[PDB]
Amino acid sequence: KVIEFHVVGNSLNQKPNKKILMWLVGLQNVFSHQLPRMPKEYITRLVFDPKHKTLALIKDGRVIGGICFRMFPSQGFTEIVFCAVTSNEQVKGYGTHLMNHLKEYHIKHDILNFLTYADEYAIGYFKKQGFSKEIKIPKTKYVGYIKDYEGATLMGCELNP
């Protein structure tokens, strides 16, 4: 019925809010069920990590999808950690809106590069979102504090104006 996008996080500043707190758990839940190769404890570890933020897709007050990301302003890129939409809401374009919305959010902050390690079943999604295996960014800029998930295919995406 009603759709909303909210960028949330556990920032050590001021976010112990109950509304966003329940959303973070809802995000952990959806990520955990949709991303089996990511242990649930690990997902909880990063989703609540102050350096990470998550773009949440809320529908009728409940989280049905989101994208956890870790921005690296200095190195001019953002790491896309988790992406998922609940099973019952998939194949409706929401995954598309999320990536699109997240792109604009980054063009706004002057970050025009997306780097992620796509999983076997993810490759198709990122491809349809404009990501490509051919990295348009030097390794010296990302290879360092960007987790390289075993069995994953490193992919990138450069944003528009």
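In this text, residue numbers run from 1 along the sequence as written.
Undergrad: Going by the B-factors listed in the PDB entry, is the mean over the C-alpha atoms higher for 99-107 or for 61-69?
TA: For C-alpha atoms only, the mean B-factor is higher in 99-107.
Undergrad: Can you tell me whether 49-57 has a higher mean C-alpha B factor than 128-136 in this record, or the other way round?
TA: Comparing averages over the C-alpha atoms only gives 128-136.
Undergrad: Ranking every modelled residue in this chain by its Cα temperature factor as given in the entry, which third contains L24?
TA: For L24, whose C-alpha B-factor we compare with every modelled residue in the chain, the answer is the lowest third.
Undergrad: Once the chain's modelled residues are ordered by C-alpha B factor and cut into thirds, is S87 in the lowest, middle or highest one?
TA: According to the entry, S87 has a C-alpha B-factor in the chain's lowest third.
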